[PDB]
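For reference, the structure is listed below as structure tokens.
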Amino acid sequence: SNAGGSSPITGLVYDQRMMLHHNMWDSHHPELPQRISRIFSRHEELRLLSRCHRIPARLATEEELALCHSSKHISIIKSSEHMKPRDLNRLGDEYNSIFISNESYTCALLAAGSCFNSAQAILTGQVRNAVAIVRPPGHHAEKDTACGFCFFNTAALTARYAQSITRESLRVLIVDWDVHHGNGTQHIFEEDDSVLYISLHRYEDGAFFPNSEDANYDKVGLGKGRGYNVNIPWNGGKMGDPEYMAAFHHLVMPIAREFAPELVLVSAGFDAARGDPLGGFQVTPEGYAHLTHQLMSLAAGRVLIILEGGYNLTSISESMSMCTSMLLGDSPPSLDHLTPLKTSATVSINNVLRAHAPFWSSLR
Ligand SMILES: O=C(NO)c1cnc(NC2(c3ccccc3)CCC(F)(F)CC2)nc1
Ligand SMILES: [K+]
Ligand SMILES: [K+]
Ligand SMILES: [Zn+2]
């Protein structure tokens with residue numbers, strides 16, 4: 001029972017089977033199997049694992065995938081399960097930045113099913129919040145195609161899965177703090193006012209992957225979805241804790257509170273972390289802890305943290321373990337001295353404010 005209340009529980013999902021997805025031609029490709037085992041091992045080292053309720057992985061079904069993806073796309077990825085290597089190579093090469101092994105399809109299904117089980121546990125009160133240590137990632141995957149190490153859009157599917165077991169209009173916030181724009185998530189929800197998508201990402205006037213002006217601040221959503229897509233694009237600066245904290249203070253949290261989400265999904269890539277070989281930014285583990293802590297003030301604390309990217313194995317292990325520590329209710333660690341904001345970060349924050357003040361009274 002929870003008569004009289006009870007201490008909130010944090011769920012954790014991790015299944016070593018998701019390590020089987022691998023790059024048979026470049027075994028040093030940074031989207032490594034041991035991304036998830038290293039993160040899991042750090043949770044054991046820090047004694048966080050035994051404090052969590054372990055949530056089992058499961059496979060997503062093909063009908064669950066159709067919540068966001070076309071039958072053609074599902075069928076093509078499914079067909080890779082039985083391909084020979086030369087045909088896996090050719091099929092991967094048809095996409096932007098995709099490698100495929102015979103286990104990729106099953107691993108993508110497990111990453112999605114793990115997050116469905118976690119959202120289910122949160123929404124039915126089995127746990128208050130959860131962390132999902134999953135791969136391959138999701139947020140670059142589109143309705144019709146794979147992209148950027150992602151086959152199916154785990155976070156987008158989880159938002160639709162949540163609506164499917166509560167009510168169609170359940171308000172879901174997705175905060176995407178992966179250093180890359182989540183092009184797939186933006187596109188899936190661009191006309192939808194029930195899912196608010198807020199992405200922070202390195203942009204560089206369109207030069208940074210995925211190299212599209214869709215990631216710019218002026219893309220605010222379409223139709224009913226106008227105002228429900230918030231891009232915070234970083235240009236010309238080595239961004240870190242001061243800039244992300246300022247973005248949360250001026251943009252993410254005011255908009256999120258006004259939206260009043262009923263569930264928060266974090267597309268939690270850690271490739272903006274200090275030390276990441278791809279992102280080039282310097283968010284610290286303590287910074288990620290503070291971002292997590294702020295999001296826990298939303299949705300009565302119903303937050304699911306979903307691993308996306310992040311490629312320095314030590315950085316992502318420490319950063320995601322910080323986030324779990326915050327979900328468990330530990331007191332936030334001290335931030336380093338916040339250097340004054342990079343001046344271009346103020347420019348970006350002010351551009352987003354101008355783009356979104358028409359839709360959010362909290363910004364006016
Ligand atoms: O998921 C991600 N990060 O979290 C992610 C990161 N990099 C790529 N692609 C790029 C990449 C691919 C393999 C190894 C390093 C980088 C290749 C094309 C590029 F040069 F344009 C950008 C980098 N794709 C997805
Ligand atoms: K992002
Ligand atoms: K939206
Ligand atoms: Zn990324």
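The chains in the structure tokens are called A, B, ... from first to last as shown; in each chain the residues are counted from 1, and the ligands are counted from 1 in the order shown.
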Test item: residues at most 8 Å from stretch 145-159 of chain A, only C-alpha atoms, excluding those fewer than 3 positions along its chain, as a PyMOL selection string:
chain A and resi 31+64-65+67-69+73+77+95-99+105+108+111-112+115-116+119+136-142+162-163+172+174+184-185+188+195+210+265-267+306
How would you report the residues lying within 6 Å of ligand 4, as a ChimeraX atom specification, if you count only C-alpha atoms and all ligand atoms?
/A:178-180,269,271,309
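Of the listed residues A:87, A:94, A:15, A:193, the one whose atoms come nearest to residue A:59 is A:15, with distances taken using only C-alpha atoms.
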Residue neighbourhood residue A:117, 9 Å, only C-alpha atoms, exclusion window fewer than 4 positions, as a PyMOL selection string:
chain A and resi 13+55-58+112-113+121-122
Please produce a file of the residues just selected, as a PDB file, in the first residue's frame, where the atoms kept are N, CA and C atoms.
ATOM      1  N   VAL A  13      16.093   0.611 -15.847  1.00  0.00           N
ATOM      2  CA  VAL A  13      16.065  -0.500 -16.803  1.00  0.00           C
ATOM      3  C   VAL A  13      17.427  -0.576 -17.491  1.00  0.00           C
ATOM      4  N   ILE A  55      13.414  -2.424 -13.399  1.00  0.00           N
ATOM      5  CA  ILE A  55      12.315  -2.613 -14.355  1.00  0.00           C
ATOM      6  C   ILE A  55      12.818  -3.489 -15.499  1.00  0.00           C
ATOM      7  N   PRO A  56      12.092  -4.540 -15.889  1.00  0.00           N
ATOM      8  CA  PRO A  56      12.594  -5.413 -16.962  1.00  0.00           C
ATOM      9  C   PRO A  56      12.473  -4.783 -18.335  1.00  0.00           C
ATOM     10  N   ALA A  57      13.445  -5.100 -19.191  1.00  0.00           N
ATOM     11  CA  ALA A  57      13.313  -4.800 -20.596  1.00  0.00           C
ATOM     12  C   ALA A  57      12.262  -5.707 -21.224  1.00  0.00           C
ATOM     13  N   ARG A  58      11.697  -5.248 -22.332  1.00  0.00           N
ATOM     14  CA  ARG A  58      10.891  -6.113 -23.180  1.00  0.00           C
ATOM     15  C   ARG A  58      11.000  -5.614 -24.603  1.00  0.00           C
ATOM     16  N   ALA A 112      13.183   0.447 -27.055  1.00  0.00           N
ATOM     17  CA  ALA A 112      11.846   1.023 -27.027  1.00  0.00           C
ATOM     18  C   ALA A 112      10.977   0.344 -25.977  1.00  0.00           C
ATOM     19  N   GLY A 113      10.970  -0.998 -25.943  1.00  0.00           N
ATOM     20  CA  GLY A 113      10.150  -1.696 -24.950  1.00  0.00           C
ATOM     21  C   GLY A 113      10.547  -1.401 -23.510  1.00  0.00           C
ATOM     22  N   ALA A 121       5.421   1.931 -15.585  1.00  0.00           N
ATOM     23  CA  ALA A 121       5.632   1.889 -14.148  1.00  0.00           C
ATOM     24  C   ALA A 121       5.410   3.255 -13.507  1.00  0.00           C
ATOM     25  N   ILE A 122       5.857   4.332 -14.172  1.00  0.00           N
ATOM     26  CA  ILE A 122       5.665   5.693 -13.662  1.00  0.00           C
ATOM     27  C   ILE A 122       4.175   6.037 -13.621  1.00  0.00           C
TER      28      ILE A 122
END
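For ligand 3, the neighbouring protein, DNA and RNA residues, which are those within 10 Å when only C-alpha atoms and all ligand atoms are counted, are residues 172, 173, 174, 185, 186, 187, 188, 189, 190, 191, 192, 193, 194, 195, 196, 197, 198, 220, 221, 222, 223, 224, 225, 226, 227, 228, 229 and 230 of chain A.
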Keeping C-alpha atoms for every residue in the selection just given, could you write it to a file as an mmCIF file, in the first residue's frame?
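The new file out_36.cif reads:
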data_model
loop_
_atom_site.group_PDB
_atom_site.id
_atom_site.type_symbol
_atom_site.label_atom_id
_atom_site.label_comp_id
_atom_site.auth_asym_id
_atom_site.auth_seq_id
_atom_site.Cartn_x
_atom_site.Cartn_y
_atom_site.Cartn_z
ATOM 1 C CA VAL A 172 4.043 15.032 -22.512
ATOM 2 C CA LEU A 173 7.126 17.222 -22.344
ATOM 3 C CA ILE A 174 10.252 15.922 -24.105
ATOM 4 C CA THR A 185 11.270 14.029 -32.581
ATOM 5 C CA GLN A 186 10.655 17.562 -33.863
ATOM 6 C CA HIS A 187 9.109 16.218 -37.086
ATOM 7 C CA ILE A 188 6.929 13.586 -35.396
ATOM 8 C CA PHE A 189 5.295 16.159 -33.073
ATOM 9 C CA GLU A 190 5.597 19.335 -35.164
ATOM 10 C CA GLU A 191 1.814 19.690 -35.637
ATOM 11 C CA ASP A 192 0.907 18.336 -32.181
ATOM 12 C CA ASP A 193 -0.024 20.505 -29.181
ATOM 13 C CA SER A 194 -0.158 17.541 -26.781
ATOM 14 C CA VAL A 195 3.622 16.923 -26.922
ATOM 15 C CA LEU A 196 5.910 19.871 -26.194
ATOM 16 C CA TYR A 197 9.421 19.352 -27.624
ATOM 17 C CA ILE A 198 12.268 21.477 -26.239
ATOM 18 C CA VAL A 220 8.172 26.930 -33.616
ATOM 19 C CA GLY A 221 5.821 24.189 -34.766
ATOM 20 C CA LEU A 222 3.056 23.968 -37.362
ATOM 21 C CA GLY A 223 -0.706 24.446 -37.221
ATOM 22 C CA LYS A 224 -2.111 23.504 -33.819
ATOM 23 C CA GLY A 225 1.501 22.727 -32.917
ATOM 24 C CA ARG A 226 2.570 26.368 -33.174
ATOM 25 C CA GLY A 227 4.461 27.235 -30.010
ATOM 26 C CA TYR A 228 4.969 23.567 -29.098
ATOM 27 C CA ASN A 229 8.420 23.169 -30.640
ATOM 28 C CA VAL A 230 11.238 25.036 -28.906
#
Filtered DSSP result for stretch 208-275 of chain A, state alpha helix (DSSP H), as an MDAnalysis selection string
chainID A and resid 241:247 253:259
Using only C-alpha atoms and all ligand atoms, determine which residues fall within 6 Å of ligand 2, then list them as a ChimeraX atom specification.
/A:176-182,199-201
For the residues in that selection, give me N, CA and C atoms as a CSV table (one decimal), in the first residue's frame.
chain,number,residue,atom,x,y,z
A,176,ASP,N,15.2,17.6,-24.7
A,176,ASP,CA,16.2,16.9,-25.5
A,176,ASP,C,17.5,17.6,-25.2
A,177,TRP,N,18.4,17.1,-24.4
A,177,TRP,CA,19.6,17.8,-24.1
A,177,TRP,C,20.8,17.2,-24.6
A,178,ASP,N,20.6,16.2,-25.5
A,178,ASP,CA,21.7,15.7,-26.4
A,178,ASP,C,22.2,16.9,-27.2
A,179,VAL,N,23.5,16.8,-27.5
A,179,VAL,CA,24.2,18.0,-28.1
A,179,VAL,C,23.6,18.2,-29.5
A,180,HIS,N,23.0,17.2,-30.1
A,180,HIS,CA,22.5,17.2,-31.5
A,180,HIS,C,21.0,17.5,-31.4
A,181,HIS,N,20.5,18.2,-32.5
A,181,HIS,CA,19.1,18.3,-32.6
A,181,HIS,C,18.4,17.0,-32.9
A,182,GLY,N,17.2,16.8,-32.2
A,182,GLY,CA,16.5,15.6,-32.4
A,182,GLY,C,15.5,15.8,-33.5
A,199,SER,N,14.4,21.4,-27.4
A,199,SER,CA,15.7,20.8,-27.7
A,199,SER,C,16.8,21.9,-27.5
A,200,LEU,N,17.9,21.6,-26.8
A,200,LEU,CA,19.1,22.4,-26.8
A,200,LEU,C,20.1,21.7,-27.6
A,201,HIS,N,20.8,22.4,-28.5
A,201,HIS,CA,21.7,21.6,-29.4
A,201,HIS,C,22.8,22.6,-30.0
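The neighbours of residue A:83 here are the residues that come within 12 Å of it, using only C-alpha atoms and leaving out any residue fewer than 3 positions away in the same chain; they are residues 76, 77, 78, 79, 80, 86, 87, 88, 89, 90, 91, 92, 100, 101, 102, 103, 104 and 105 of chain A.
If only C-alpha atoms are the atoms counted, then among A:106, A:342, A:63, A:43 the closest residue to residue A:81 is A:106.
Here the question is which of A:62, A:318, A:205, A:258 gets nearest to residue A:232 using only C-alpha atoms, and that residue is A:205.
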From the options A:294, A:23, A:314, A:284, which residue's atoms come nearest to ligand 1, counting only C-alpha atoms and all ligand atoms?
A:23
Env of residue A:135: 8 Å cut, atoms = only C-alpha atoms, seq-sep filter 2 positions within chain, self excluded. Answer as a list in words.
residues 18, 19, 33, 36, 107, 108, 111, 133, 137, 307 and 308 of chain A
C-alpha atoms of the current selection, written as a PDB file, in the first residue's frame:
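In the end it all went to again09.pdb:
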ATOM      1  CA  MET A  18      21.219  -4.343 -26.060  1.00  0.00           C
ATOM      2  CA  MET A  19      25.019  -4.692 -26.310  1.00  0.00           C
ATOM      3  CA  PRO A  33      28.143  -1.693 -26.989  1.00  0.00           C
ATOM      4  CA  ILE A  36      25.445   0.957 -21.605  1.00  0.00           C
ATOM      5  CA  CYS A 107      18.199  -4.172 -29.808  1.00  0.00           C
ATOM      6  CA  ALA A 108      16.151  -1.248 -31.142  1.00  0.00           C
ATOM      7  CA  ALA A 111      15.408  -0.014 -26.155  1.00  0.00           C
ATOM      8  CA  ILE A 133      20.146   2.749 -19.912  1.00  0.00           C
ATOM      9  CA  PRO A 137      19.526   5.742 -29.529  1.00  0.00           C
ATOM     10  CA  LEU A 307      19.883   7.562 -22.856  1.00  0.00           C
ATOM     11  CA  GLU A 308      20.440   9.004 -26.339  1.00  0.00           C
TER      12      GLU A 308
END
I need the strand (DSSP E or B) residues of stretch 108-203 of chain A per DSSP on the backbone, written as a PyMOL selection string.
chain A and resi 129-133+147+150+172-176+195-202
Can you list, as a PyMOL selection string, every protein, DNA or RNA residue that comes within 9 Å of residue A:40 when you count only C-alpha atoms, leaving out same-chain residues fewer than 3 positions away?
chain A and resi 14+35-37+43-45+49+133+317+321
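Here atom CA of residue A:353 is placed at a distance of 18.0 Å from atom CA of residue A:213.
Considering only C-alpha atoms, the residue among A:169, A:339, A:325, A:350 positioned nearest to residue A:47 is A:325.
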Among A:319, A:235, A:362, A:27, ligand 1 is approached most closely, using only C-alpha atoms and all ligand atoms, by A:27
